[PDB]
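Here the structure is laid out as structure tokens; the discussion comes afterwards.
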Amino acid sequence: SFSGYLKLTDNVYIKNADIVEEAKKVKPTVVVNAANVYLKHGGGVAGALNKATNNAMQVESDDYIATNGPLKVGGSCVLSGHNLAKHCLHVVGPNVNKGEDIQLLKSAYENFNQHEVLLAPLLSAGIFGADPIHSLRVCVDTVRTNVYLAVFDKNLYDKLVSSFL
Ligand SMILES: NC(=O)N1CCC(C(=O)O)CC1
């Protein structure tokens, strides 16, 4: 199972790790993707997860969008995890750089509660423009299931751990 995580709360764990390498090692039941409403996995965690699937994630996602239309900001869908996990839970956090409402971050994290255990990134962090310290706060105050957070950036990981509470 998961190793090298620092326990933040009873159910939230954190590690300085590349979520792709973590997914390949662990092969969790659920890996969370930091998705957009169109499931266009271009950059950040989405681009990296998609590239690890040899673009199979993007092919599957385009078929999902063709059938269902875009997701809502704050929403999610369960698709295949491909070579990385049993499932990928594509979660759309608000993109602050697109003027999206940061209050939707709690709605985005609520999707994690439908899964007993997940490997995940901080939502709305990185290219989504939100404050990662605030994202971690929303995560611990919203998610009740077991969430293993992979934080790629060491400097951000240290800042998150040292400022937690
Ligand atoms: N979603 C996304 O691309 N990112 C958010 C999480 C960041 C991290 O873990 O240091 C990397 C960038």
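Lettering and numbering for the structure tokens are positional, with chains as A, B, ... in the shown order, residues counted from 1 in each chain, and ligands counted from 1 in the shown order.
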
Counting only C-alpha atoms and all ligand atoms, which residues of chain A fall within 8 Å of ligand 1, and what is the closest atom pair for each with its distance in Å at one decimal, ordered by chain and rising number, as a Markdown table?
```
| residue | atom | partner | partner_atom_place_in_ligand_line | distance |
| --- | --- | --- | --- | --- |
| A:16 | CA | ligand 1 | 9 (O) | 7.7 |
| A:17 | CA | ligand 1 | 9 (O) | 7.7 |
| A:18 | CA | ligand 1 | 9 (O) | 7.4 |
| A:19 | CA | ligand 1 | 9 (O) | 7.7 |
| A:33 | CA | ligand 1 | 1 (N) | 7.7 |
| A:34 | CA | ligand 1 | 1 (N) | 5.0 |
| A:35 | CA | ligand 1 | 1 (N) | 7.9 |
| A:43 | CA | ligand 1 | 3 (O) | 6.5 |
| A:44 | CA | ligand 1 | 3 (O) | 3.0 |
| A:45 | CA | ligand 1 | 3 (O) | 3.9 |
| A:46 | CA | ligand 1 | 3 (O) | 6.6 |
| A:47 | CA | ligand 1 | 3 (O) | 7.9 |
| A:121 | CA | ligand 1 | 6 (C) | 5.4 |
| A:122 | CA | ligand 1 | 6 (C) | 5.4 |
| A:123 | CA | ligand 1 | 1 (N) | 6.5 |
| A:124 | CA | ligand 1 | 1 (N) | 6.6 |
| A:125 | CA | ligand 1 | 5 (C) | 4.1 |
| A:126 | CA | ligand 1 | 12 (C) | 3.8 |
| A:127 | CA | ligand 1 | 3 (O) | 5.7 |
| A:128 | CA | ligand 1 | 1 (N) | 6.8 |
| A:132 | CA | ligand 1 | 6 (C) | 8.0 |
| A:150 | CA | ligand 1 | 9 (O) | 5.9 |
| A:151 | CA | ligand 1 | 9 (O) | 3.3 |
| A:152 | CA | ligand 1 | 9 (O) | 3.8 |
| A:153 | CA | ligand 1 | 10 (O) | 3.9 |
| A:154 | CA | ligand 1 | 10 (O) | 7.4 |
| A:156 | CA | ligand 1 | 10 (O) | 6.2 |
| A:157 | CA | ligand 1 | 10 (O) | 7.2 |
```

Residues just named, written with C-alpha atoms as a PDB file, in the first residue's frame:
```pdb
ATOM      1  CA  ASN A  16       6.553  14.891  -1.573  1.00  0.00           C
ATOM      2  CA  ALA A  17       6.221  12.724  -4.669  1.00  0.00           C
ATOM      3  CA  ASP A  18       5.483  12.731  -8.371  1.00  0.00           C
ATOM      4  CA  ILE A  19       1.850  11.462  -8.514  1.00  0.00           C
ATOM      5  CA  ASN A  33      -6.755  13.832 -11.885  1.00  0.00           C
ATOM      6  CA  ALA A  34      -6.743  17.640 -11.637  1.00  0.00           C
ATOM      7  CA  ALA A  35      -9.047  17.873 -14.607  1.00  0.00           C
ATOM      8  CA  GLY A  43      -0.525  20.427 -18.691  1.00  0.00           C
ATOM      9  CA  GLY A  44       0.186  19.992 -15.013  1.00  0.00           C
ATOM     10  CA  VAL A  45      -0.961  16.789 -13.309  1.00  0.00           C
ATOM     11  CA  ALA A  46      -3.501  16.066 -16.120  1.00  0.00           C
ATOM     12  CA  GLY A  47      -0.880  16.274 -18.868  1.00  0.00           C
ATOM     13  CA  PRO A 121      -2.995  16.031  -5.938  1.00  0.00           C
ATOM     14  CA  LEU A 122      -4.076  19.272  -4.171  1.00  0.00           C
ATOM     15  CA  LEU A 123      -7.026  20.608  -6.157  1.00  0.00           C
ATOM     16  CA  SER A 124      -6.859  24.019  -7.839  1.00  0.00           C
ATOM     17  CA  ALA A 125      -3.090  24.188  -7.116  1.00  0.00           C
ATOM     18  CA  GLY A 126      -0.353  24.735  -9.749  1.00  0.00           C
ATOM     19  CA  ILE A 127      -1.621  26.122 -13.038  1.00  0.00           C
ATOM     20  CA  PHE A 128      -5.155  26.362 -11.544  1.00  0.00           C
ATOM     21  CA  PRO A 132      -2.200  25.510  -2.106  1.00  0.00           C
ATOM     22  CA  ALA A 150       1.189  13.670  -3.592  1.00  0.00           C
ATOM     23  CA  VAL A 151       2.872  17.101  -3.720  1.00  0.00           C
ATOM     24  CA  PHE A 152       5.390  17.268  -6.554  1.00  0.00           C
ATOM     25  CA  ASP A 153       7.201  20.465  -5.471  1.00  0.00           C
ATOM     26  CA  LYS A 154       9.555  19.897  -2.379  1.00  0.00           C
ATOM     27  CA  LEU A 156       5.680  23.603  -1.572  1.00  0.00           C
ATOM     28  CA  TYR A 157       5.514  20.301   0.400  1.00  0.00           C
TER      29      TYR A 157
END
```

- Query: What lies within 8 Å of range 91-99 of chain A using only C-alpha atoms, ignoring chain neighbours under 2 positions off, as a list in words?
  - Reply: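 Residues near the query, excluding close chain neighbours: residues 32, 33, 34, 35, 36, 37, 71, 72, 73, 74, 75, 76, 77, 89, 101, 102, 104, 105, 108, 109, 111, 123, 124, 127, 128, 129 and 130 of chain A.
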
| message | Please list as a list in words every residue within 9 Å of residue 147 in chain A, counting only C-alpha atoms and excluding residues in the same chain fewer than 5 positions away. | response | residues 11, 12, 13, 14, 112, 116, 117, 118, 119, 120 and 139 of chain A

| message | Among range 8-165 of chain A, which residues does DSSP mark as alpha helix (DSSP H) when it is run on the backbone? Keep the chain and numbering as in the structure and answer as an MDAnalysis selection string. | response | chainID A and resid 19:26 44:52 56:68 104:110 132:142 154:163

Please write the residues from the selection above to a file, keeping C-alpha atoms, as a short mmCIF file (atom, residue, chain, number, x, y, z; two decimals), in the first residue's frame.
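File produced: selection34.cif:
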```
data_model
loop_
_atom_site.label_atom_id
_atom_site.label_comp_id
_atom_site.auth_asym_id
_atom_site.auth_seq_id
_atom_site.Cartn_x
_atom_site.Cartn_y
_atom_site.Cartn_z
CA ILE A 19 1.85 11.46 -8.51
CA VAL A 20 2.62 9.54 -11.77
CA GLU A 21 5.52 7.64 -10.14
CA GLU A 22 3.37 7.13 -7.05
CA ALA A 23 0.49 5.74 -9.16
CA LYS A 24 2.82 3.35 -11.05
CA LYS A 25 4.30 2.04 -7.82
CA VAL A 26 1.10 1.78 -5.74
CA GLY A 44 0.19 19.99 -15.01
CA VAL A 45 -0.96 16.79 -13.31
CA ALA A 46 -3.50 16.07 -16.12
CA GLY A 47 -0.88 16.27 -18.87
CA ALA A 48 1.52 14.13 -16.86
CA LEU A 49 -1.08 11.43 -16.03
CA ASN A 50 -2.26 11.38 -19.65
CA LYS A 51 1.31 11.10 -21.03
CA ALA A 52 1.92 8.12 -18.63
CA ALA A 56 -5.15 6.46 -23.74
CA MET A 57 -6.60 8.70 -20.99
CA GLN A 58 -7.18 11.53 -23.55
CA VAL A 59 -8.78 9.14 -26.12
CA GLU A 60 -11.13 7.78 -23.46
CA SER A 61 -11.86 11.34 -22.20
CA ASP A 62 -12.73 12.66 -25.69
CA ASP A 63 -15.24 9.79 -26.10
CA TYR A 64 -16.67 10.63 -22.63
CA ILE A 65 -17.10 14.34 -23.61
CA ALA A 66 -18.59 13.45 -27.01
CA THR A 67 -21.28 11.41 -25.22
CA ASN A 68 -21.85 13.44 -22.04
CA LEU A 104 -16.28 25.65 -5.68
CA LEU A 105 -13.10 24.05 -4.26
CA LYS A 106 -15.11 22.52 -1.38
CA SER A 107 -17.62 21.05 -3.90
CA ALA A 108 -14.65 19.66 -5.88
CA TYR A 109 -13.18 17.94 -2.78
CA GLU A 110 -16.60 16.46 -1.88
CA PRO A 132 -2.20 25.51 -2.11
CA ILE A 133 -2.23 26.18 1.68
CA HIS A 134 -5.94 27.06 1.33
CA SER A 135 -6.50 23.96 -0.88
CA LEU A 136 -5.00 21.68 1.79
CA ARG A 137 -7.21 23.37 4.45
CA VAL A 138 -10.32 22.75 2.31
CA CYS A 139 -9.18 19.16 1.70
CA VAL A 140 -8.78 18.33 5.42
CA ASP A 141 -12.08 20.10 6.28
CA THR A 142 -14.07 18.39 3.45
CA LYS A 154 9.55 19.90 -2.38
CA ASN A 155 9.49 23.57 -1.44
CA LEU A 156 5.68 23.60 -1.57
CA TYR A 157 5.51 20.30 0.40
CA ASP A 158 7.71 21.79 3.16
CA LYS A 159 5.63 24.99 3.24
CA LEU A 160 2.39 22.97 3.45
CA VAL A 161 3.63 20.72 6.30
CA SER A 162 5.30 23.53 8.29
CA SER A 163 2.25 25.81 8.06
#
```

Those of range 50-117 of chain A in DSSP strand (DSSP E), formatted as a list in words: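 So the strand (DSSP E) residues in range 50-117 of chain A would be residues 76, 77, 78, 79, 80, 87, 88, 89, 90, 91, 92 and 117 of chain A.
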
CA of residue 164 in chain A sits from CA of residue 100 in chain A at a separation of 25.3 Å

In terms of only C-alpha atoms, the residue from A:6, A:149, A:165, A:39 at minimal distance from residue 78 in chain A is A:39

From CA of residue 88 in chain A to CA of residue 30 in chain A the spacing works out at 5.5 Å

Using only C-alpha atoms, the best pick from A:82, A:146, A:90, A:131 as closest to residue 113 in chain A would be A:146

Here CA of residue 10 in chain A and CA of residue 144 in chain A stand apart by 8.9 Å
